[PDB]
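Visitor: Residue numbers (the authors' numbering), protein chains in the order written: chain F, 2 to 90; chain H, 492 to 612; chain L, 95 to 167; chain X, 1244 to 1342; chain U, 896 to 945; chain A, 8 to 931, 1135 to 1376. Quick reminder that beta carbons are idealized off the backbone N, C-alpha and C, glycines included.
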Amino acid sequence: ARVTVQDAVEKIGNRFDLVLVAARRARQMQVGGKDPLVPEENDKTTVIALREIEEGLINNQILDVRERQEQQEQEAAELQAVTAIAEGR
Amino acid sequence: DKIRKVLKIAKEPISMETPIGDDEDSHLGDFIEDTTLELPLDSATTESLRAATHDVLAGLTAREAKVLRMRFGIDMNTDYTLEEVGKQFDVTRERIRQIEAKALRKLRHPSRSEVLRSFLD
Amino acid sequence: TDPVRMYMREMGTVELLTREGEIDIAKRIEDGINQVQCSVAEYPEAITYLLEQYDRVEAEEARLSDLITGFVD
Amino acid sequence: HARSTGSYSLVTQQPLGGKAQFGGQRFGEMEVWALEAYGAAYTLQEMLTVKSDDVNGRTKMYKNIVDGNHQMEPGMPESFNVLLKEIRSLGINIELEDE
Amino acid sequence: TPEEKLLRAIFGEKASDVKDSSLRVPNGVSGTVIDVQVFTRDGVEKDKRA
Amino acid sequence: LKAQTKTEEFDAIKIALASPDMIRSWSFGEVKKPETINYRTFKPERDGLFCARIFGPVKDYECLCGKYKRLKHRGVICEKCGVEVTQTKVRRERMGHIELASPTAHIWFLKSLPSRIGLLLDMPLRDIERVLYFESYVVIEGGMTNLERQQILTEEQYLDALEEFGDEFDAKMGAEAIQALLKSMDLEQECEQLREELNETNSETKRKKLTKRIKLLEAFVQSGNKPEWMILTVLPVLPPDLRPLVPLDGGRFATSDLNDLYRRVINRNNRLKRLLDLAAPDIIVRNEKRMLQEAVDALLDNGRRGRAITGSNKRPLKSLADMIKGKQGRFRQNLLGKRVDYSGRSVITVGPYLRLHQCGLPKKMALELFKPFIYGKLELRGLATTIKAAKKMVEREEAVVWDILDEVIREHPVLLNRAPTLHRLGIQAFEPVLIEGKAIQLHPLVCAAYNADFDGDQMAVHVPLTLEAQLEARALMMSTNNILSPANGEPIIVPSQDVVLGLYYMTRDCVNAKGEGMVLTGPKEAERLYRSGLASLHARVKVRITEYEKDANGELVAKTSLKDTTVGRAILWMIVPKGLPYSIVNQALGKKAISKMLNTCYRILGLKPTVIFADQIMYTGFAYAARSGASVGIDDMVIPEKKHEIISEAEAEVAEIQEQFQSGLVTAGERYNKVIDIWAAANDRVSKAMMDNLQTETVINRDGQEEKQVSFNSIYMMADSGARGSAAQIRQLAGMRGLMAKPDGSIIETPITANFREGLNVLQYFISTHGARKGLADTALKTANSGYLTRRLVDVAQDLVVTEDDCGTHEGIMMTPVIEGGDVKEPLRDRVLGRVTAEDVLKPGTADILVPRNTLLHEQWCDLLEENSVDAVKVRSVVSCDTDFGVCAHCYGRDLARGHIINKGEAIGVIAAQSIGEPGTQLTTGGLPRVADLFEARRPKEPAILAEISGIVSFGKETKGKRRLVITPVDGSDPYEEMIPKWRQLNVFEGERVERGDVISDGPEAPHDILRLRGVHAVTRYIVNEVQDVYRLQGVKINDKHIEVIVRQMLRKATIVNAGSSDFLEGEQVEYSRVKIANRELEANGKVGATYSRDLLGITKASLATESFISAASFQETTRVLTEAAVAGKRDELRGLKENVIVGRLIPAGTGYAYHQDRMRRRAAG
Ligand SMILES: [Mg+2]
Ligand SMILES: [Zn+2]
Ligand SMILES: [Zn+2]
């Protein structure tokens, strides 16, 4: 368990913007798009995300950063498929 | 005996606002449950049973799946009389009824069977 | 307000008819209508129509109940 | 007493015990203030929309809960949705603007 | 429905024209039956047990 | 980009009047007949209130006639009976209408108290009604003849007036006339005419009314509403399923009352249509017309005329207006409450084993609560083939599910809540621990915050479902994250009673006890001595201890020494973590010190250690208290040996004074006070007698003869420790109990001489009853008042939220300790803690900044200020925060259950209201009503008066009933002369110069003055101190913050004085205004900026004005709110709390504050 989240509020000051970010991350974990960044103890994703905040390897900047890369990682694969939609012409 | 039928319709509807108890905002109408609703534990199983039948129908030969989806309304308007199916398959009549049997037979003996049996009660 | 009151008082103005007064008005009624019957009686299209209508009744295109309520007699 | 998913009131789609499988606990005005003092909105949104009053959102949630996806696609509380027709049943044109 | 129709077809159950209204014991409560009473409308034939 | 035409996600809302064509837009069909259902086939009759054709299919996806029964057919309108086959859900949506014969007035605009139609035509109500019942004629567009446009005529007059002018004169009567009036009305031209008259004629009586009306008109103009629309041509019908006919058992039916109403409007309406083709006489169609009006009135809002009663049932049938109001005061179903799934509740019990972060939950409640979650995990691991089987398993309670439940429970908080939720701590999150049994187990330390005794209180449980609710719950509502009261920073988790008896019994020392004098290396071997039976828990002993001080830079110093202590304090030291000194435990450890133990622990080591410390304190507290065997017998309550003697002497005194009254030496009234004085005094004597004996009389011997220490007697230990009991209650046990009072309020002069250890006899008990009964009665009412107060309070604040970061105003108030008449009724250090300095503060010498400008003053800083003698500090307040539409966090303070400065977006007003309200139960002019008078701004009864302006004053004119006071300013103009009734004894010296705001008489003063004459800081200071006087006297700790924000909302409004942009006397928002003259100081007018005057509005009055009309519709009177808004076409943009809850979306605060931000800016953007 995470008995007190005090440490996370330190990593991101507001403590409300904290709830949002860990949520966003927890869905990255709960809906299976990704996997954890730190050993999962049977801690549910709720707490796994919180451990990740305390350790400073996951915050809004990083996530926005990470997300912005994936947009381009997918834009690279489909590169030919959508340019084939030249039928617009 | 029409006394009963007649005696019934004669009763005037009750104000749904009849205060009941406590004089509180509990009003007769507040207690009338909705029966046309569908419990979600049910709505949930429908979405599953679709997926169920959809999986097990891919488990058969393509004609066994079409014939069963044909013989029942599965992902299709209505369903087709078995003569229609024979004409659709150019192989007709008694033949088709047999395929249906083996299909049901094939889903009957468990490997297949463990999942669809869990739907009844 | 409460319209029973504004009604009761609105009709309460009207005075009951004398036994003679009823007949007067009733007589008046007769005249009015009797004028229009006569006014109706004087119209040519009004006859030919009735004629053209009775030709449809004997032709099985209508019924006697749909044209006259009976005559004098 | 405890309730997960029970019966529902007809006039307003709201939890109602009909089986003596009891209607849910009543979350009142004062309890709402309590959530507002904490900053927890989502707890509050989920309380008065999907956990209760949304005839759509309620089933849409359950299907996600078993799927293992915790989300809510709230939609509009039906209570208010009725107020809207009730105002509009009077002579008032009440509209929902913009985007 | 279609898939329900198939379900009865595989497991061969005749879906009844009758639904179960039977009175059953509330969840969790457990006891011994000390009595049974049967009231009947005047004119319906009283059943065996009654 | 495409804007949109379909369902994207709306902002705001608009409300306005409805066109007939507009009403027709909604209607899917005309309801033409009162028939409902066929009566044999229970099918809906077509073209009736319930119609398949107009509204919808009775059953899902099925035609009425039955031709098309298939779910495939969807956009199909049956060729037989037109029904588009679609879910029956649509019978809840589609509306209808009714085309009325003769126009009809809308009861809301005729009868909401300031008749809108009346003042829109500037015509009296009684006249308009007279035109409606066809009792008189009104002119319309009179032309040039003899007659005014709005003039009303009678029968003969109309006739006579008609003979003279056939045309170019016009008159109607009844509803059509009014409709005719409204359509003809030209507002713009009226506007101009009213503008001319404003400039031309000067009279207050005249231009007051003049300016008032012109705003309305142009407002209505700007609205977009066309006045005719206040008159109904078409009447919409509410969807059937919202006033359903549903069957019951036994074949009975039950229905909404609107049908009875609706049915009537139709019948009457239809009869009228017939009565036109029969050309019935006027007296009849008129009567029918009146009847039609009445029916619509009863349909719309019943009770503004006659209150029609339902059929065969006396009770009046409920109309649509009564549908909206709901009841229980103002509650729209968001406000009273709403039933919620995933919840439950039952009786709660103790569970001392729990850690503070968890709670005992019955296995079955947890099974039924998580049922859907369980289903999902069960088939995730494949233990259940499909969802149905999963149900069957848990319904079967197969052994495997319990282990699964332990998985889904682990990290998944549940909300626990108790009945009267007061402060936010009424709901707290816990981690579930599966428990056999039907009771909820609740951590003891938390029992204080809930005000939950164990006498059978029940608590309700709620499962947070969505992930965000899990993370909100864990980071906000979790127990451990709120350890400190939001009302005042003191810890609310302080151990309650058994635990404090333990620690007190632990650290206490007797004079001579086993092991006295020996020495030990450290606490480890101290417990080893105790558990073995060698040493007593309390004996004076020297032991080596190692304490720590972090006073280095983030760094712990260590020091070991020999402390002179007892065994108990030594043992306890094992728990105190790190930082803390042994000094903290070396005392007797009462409840007060034991709390500051926790407090310092928190303010020094931070959060986590305080929690875990706290757990340990409880476990150890119960335990040693358990070892102690404290009990209470009848001989533990010791009566003084001298009681009978004191009573007897006081009994001589009363018999002496009686002889003095028998001889007339003293008056009767003087006597009553006299006897009571000695008796009052006697009781004090017995109390402080038994207190002396009880407290110290344990008189014991060490190696010598005797010595005496504070008693180890049970009941004293309880009261001394702070566990339970108080000298007052003890005094009733041993010493005599009180002097009771007869019902009328006198207090009986023969006190109750017996006590509970002795028996009370018949008479004495009987007398006790009155006091008892009044208490319960009194408390139950003070309960209600408190609730009422918190209500008004959250209403006036609510939407106030911390928004900006630092408004950056130097502005603020000067904080001094309360220092009442003696020394320090409350210090400075508590008043300034956690606030932020307005400016750098000096030492006694200067260019020495101790604390530099705005710096949060925390414990160290307050102590440095305390080190020095500094007596005065100016501190930023929410009353002075420069930010509009919110508070800057820099101006607020640190306070939270966490010590850190307040976060951006926490909604403080609520917590302010709550903090003031929760203690309100404990209060008792003077009392709780005194508080209300304060927050309600009420002007006192016999007020004083303050000098309007400085300078030398004198008395002028003479006794008319007022003797005028003439003020003569030195430089300024004299002209101020106030009318003062001269029969009130004055104070002000006739020959002295008086500053504006000096005391011109005595008696209380209206805070309006203090605000007006003395200024903002004064009144705000006045408010905080008077109410605070009440609470602290009652023993209640409430930080001034909360009171200050309520004040800010109190002064929310101000009245302009100067001009150059907006109107003169308009009362208006200083947020709005200041923003306009701050906008006006540049560009625009160079400065046209207008001067205003701050106003004081009481909470209930200030809460009245709110931009969002849905919010106002909540707590104010709905009909009035809706109408007055509906005319103006007021567009609610939401943005507030009350409103977002109603419509049910994210609160523009807290977690949502991020959202609203992203949307609010997207709005007014492109
Ligand atoms: Mg109790
Ligand atoms: Zn049809
Ligand atoms: Zn500020």
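A:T705: beta carbon under 6 Å from a heavy atom of ligand 4?
Guide: Among the ligands present in this structure, namely ligand 1, ligand 2 and ligand 3, ligand 4 is not found.
Visitor: Does the stretch 31–40 of chain F touch the stretch 386–396 of chain A, meaning 3 or more C-beta pairs lie closer than 8 Å?
Guide: Taking 8 Å as the limit for Cβ pairs, the verdict is that the stretch 31–40 of chain F does not touch the stretch 386–396 of chain A.
Visitor: Should X:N1307 be flagged as near chain F, meaning a C-beta pair shorter than 7 Å?
Guide: Here residue 1307 of chain X is taken as the residue at index 64 of the fourth sequence, counted from 1. Judged by the 7 Å Cβ criterion, X:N1307 is not in contact with chain F.
Visitor: Exposed or buried, L:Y143, counting other C-beta atoms within 10 Å across all chains shown (16 or more means buried)?
Guide: Taking the third sequence and counting its residues from 1, one reaches residue 143 of chain L at position 49. L:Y143 is exposed by the Cβ-count criterion.
Visitor: Starting from the beta carbon of A:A396, find every residue of chain H whose beta carbon is closer than 7 Å, and list them in chain order.
Guide: Numbered from its first residue, the sixth sequence carries residue 396 of chain A at position 389. In chain order: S609.
Visitor: Can you tell me whether L:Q131 is buried or exposed, with buried defined as 16 or more other CB within 10 angstroms of its CB?
Guide: As a working note, residue 131 of chain L is residue 37 in the third sequence. Counting Cβ neighbours within 10 Å, L:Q131 comes out exposed, since fewer than 16 surround it.
Visitor: Are the stretch 16–26 of chain F and the stretch 1358–1373 of chain A touching by the rule of at least three beta carbon pairs closer than 8 Å?
Guide: Segments in contact, yes.
Visitor: Looking at the secondary structure, which residues open and close the alpha helix (DSSP H) in which A:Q465 lies?
Guide: Here residue 465 of chain A corresponds to residue number 458 of the sixth sequence, with the count starting at 1. Not the alpha helix (DSSP H): A:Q465 falls in the beta strand (DSSP E), residues 465–469.
Visitor: Cβ closer than 8 Å: which chain X residues qualify as neighbours of A:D18?
Guide: For the purposes of this step, residue 18 of chain A is identified with residue 11 of the sixth sequence, where counting begins at 1. The answer, in chain order, is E1340, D1341, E1342.
Visitor: In terms of alpha-carbon separation, which member of A:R77, A:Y511, A:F17, A:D643 lies closest to X:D1341?
Guide: As a first step, residue 1341 of chain X is located in the fourth sequence; it is residue number 98 there, counting from the start. Looking at the Cα atoms, A:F17 is the closest of the given residues.
Visitor: If you measure from the beta carbon of H:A549 to each beta carbon in chain A, is any gap under 7 Å?
Guide: Taking the second sequence and counting its residues from 1, one reaches residue 549 of chain H at position 58. Not closer than 7 Å to any Cβ of chain A, the Cβ of H:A549 fails to qualify, so no.
Visitor: Does the beta carbon of F:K12 come closer than 7 Å to any beta carbon on chain A?
Guide: Taking the first residue of the first sequence as 1, we reach residue 12 of chain F at position 11. Taking Cβ atoms only, chain A never reaches closer than 7 Å to F:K12, which makes this a no.
Visitor: Go ahead and label residue 1024 of chain A buried or exposed: buried means 16 or more other beta carbons lie within 10 angstroms of its beta carbon, across all protein chains shown.
Guide: No coordinates exist for residue 1024 of chain A; the numbering of chain A passes from 931 to 1135 with nothing in between.
Visitor: Mind checking whether the beta-carbon of A:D691 lies closer than 6 Å to any heavy atom of ligand 3?
Guide: In the sixth sequence, counting from the first residue as 1, residue 691 of chain A sits at position 684. Checking every heavy atom of ligand 3 against the Cβ of A:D691, none is found closer than 6 Å.
Visitor: Alpha helix (DSSP H) containing H:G550: first to last residue?
Guide: For this step, residue 550 of chain H is matched to residue 59 along the second sequence. Element bounds for H:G550: n/a, residue is neither H nor E.
Visitor: How big is the Cα-Cα spacing for L:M105 and A:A261?
Guide: Here the question's residue 105 of chain L lines up with position 11 in the third sequence. Here the question's residue 261 of chain A lines up with position 254 in the sixth sequence. So the alpha carbons of these two residues sit roughly 40 Å apart.
Visitor: Cβ of U:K900 less than 7 Å from any chain H Cβ?
Guide: Working through the fifth sequence from its first residue, we reach residue 900 of chain U at position 5. It does: the Cβ of U:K900 has a partner Cβ on chain H nearer than 7 Å.
Visitor: Using 8 Å as the threshold, is the stretch 620–640 of chain A in touch with the stretch 676–696 of chain A, meaning 3 or more CB pairs across them?
Guide: The stretch 620–640 of chain A vs the stretch 676–696 of chain A: no contact.
Visitor: Return helix, strand or coil for A:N424, following the three-state DSSP convention.
Guide: Position 417 of the sixth sequence holds residue 424 of chain A. In this structure, A:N424 counts as strand in the three-state DSSP scheme.
Visitor: Hey, could you find the ends of the beta strand (DSSP E) A:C366 is sitting in?
Guide: What you label residue 366 of chain A is simply residue 359 of the sixth sequence in a count that begins at 1. Looking at the DSSP string, the run of the beta strand (DSSP E) that includes A:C366 is 365–369.
Visitor: Would you be able to state if there are at least three C-beta pairs under 8 Å between the stretch 94–110 of chain A and the stretch 128–137 of chain A?
Guide: The stretch 128–137 of chain A, when compared against the stretch 94–110 of chain A, does not touch it at the 8 Å Cβ threshold.
Visitor: Let me make sure I understand the geometry here. Which of A:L205, A:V65, A:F116 has the alpha-carbon closest to that of A:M237?
Guide: Position 230 of the sixth sequence holds residue 237 of chain A. Checking every option, the nearest Cα to that of A:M237 belongs to A:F116.
Visitor: List in chain order the residues whose CB is within less than 7 Å of at least one heavy atom of ligand 1.
Guide: Those residues, listed in chain order, are A:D460, A:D462, A:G463, A:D464.
Visitor: Within the same chain, show all residues whose beta-carbon is closer than 6 Å to that of A:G1277, passing over the 5 residues directly before and after it, in chain order.
Guide: By one-based count along the sixth sequence, residue 1277 of chain A stands at place 1067. Excluding sequence neighbours, A:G1277 sits near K1263, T1265.
Visitor: Residues around ligand 2, please: the condition is that the C-beta lies closer than 5 Å to some non-hydrogen atom of it.
Guide: Residues flagged by the Cβ proximity filter: A:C70, A:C72, A:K74, A:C85, A:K87, A:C88.
Visitor: Cα separation between A:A565 and A:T487?
Guide: Numbered from its first residue, the sixth sequence carries residue 565 of chain A at position 558. Numbered from its first residue, the sixth sequence carries residue 487 of chain A at position 480. Whole-angstrom Cα-Cα distance: 29 Å.
Visitor: I'd like to confirm something about A:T890: is its beta-carbon nearer than 6 Å to some heavy atom of ligand 3, or not?
Guide: As a first step, residue 890 of chain A is located in the sixth sequence; it is residue number 883 there, counting from the start. Yes, the Cβ of A:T890 comes within 6 Å of a heavy atom of ligand 3.
Visitor: If the criterion is Cβ atoms closer than 7 Å, does the pair A:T1178 and A:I1155 meet it?
Guide: What you label residue 1178 of chain A is simply residue 968 of the sixth sequence in a count that begins at 1. What you label residue 1155 of chain A is simply residue 945 of the sixth sequence in a count that begins at 1. The answer is no: Cβ separation not under 7 Å.
Visitor: Rounded to whole angstroms, what is the Cα-Cα separation between A:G841 and A:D1305?
Guide: What you label residue 841 of chain A is simply residue 834 of the sixth sequence in a count that begins at 1. What you label residue 1305 of chain A is simply residue 1095 of the sixth sequence in a count that begins at 1. Looking at the two C-alpha atoms, the distance is approximately 29 Å.
Visitor: Are the C-beta atoms of F:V32 and some chain X residue less than 7 Å apart?
Guide: Translated into the one-based positions of the first sequence, residue 32 of chain F becomes position 31. Interface residue, yes.
Visitor: Whose Cβ in chain U lies nearer than 9 Å to the Cβ of H:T544?
Guide: As a first step, residue 544 of chain H is located in the second sequence; it is residue number 53 there, counting from the start. In chain order: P897, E898, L901, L902.
Visitor: Quick one: list the residues of chain L neighbouring A:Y140, beta-carbon separation under 8 Å, in chain order.
Guide: Numbered from 1 along the sixth sequence, position 133 holds the residue referred to as residue 140 of chain A. Residues of chain L passing the Cβ test: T95, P97, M100.
Visitor: Could you tell me if L:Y137 is buried or exposed, where buried requires 16 or more neighbouring beta carbons within 10 angstroms of its beta carbon?
Guide: In the third sequence, counting from the first residue as 1, residue 137 of chain L sits at position 43. That one is exposed.
Visitor: Does at least one heavy atom of ligand 3 sit under 6 Å from the Cβ of A:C517?
Guide: Here residue 517 of chain A refers to the residue found at position 510 when the sixth sequence is read from its first residue. No, ligand 3 has no heavy atom inside 6 Å of this Cβ.
Visitor: Drop a sphere of 10 angstroms on the beta-carbon of A:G1354, count the other beta-carbons inside from all chains shown, and report buried for 16 or more, exposed for fewer.
Guide: Within the sixth sequence, residue 1354 of chain A is the residue found at index 1144, counting from 1. Flag for A:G1354 reads buried.
Visitor: Tell me, please, whether the CB atom of X:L1253 is closer than 7 Å to any CB atom in chain H?
Guide: On the fourth sequence, position 10 is the one that residue 1253 of chain X refers to. X:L1253 counts as touching chain H.
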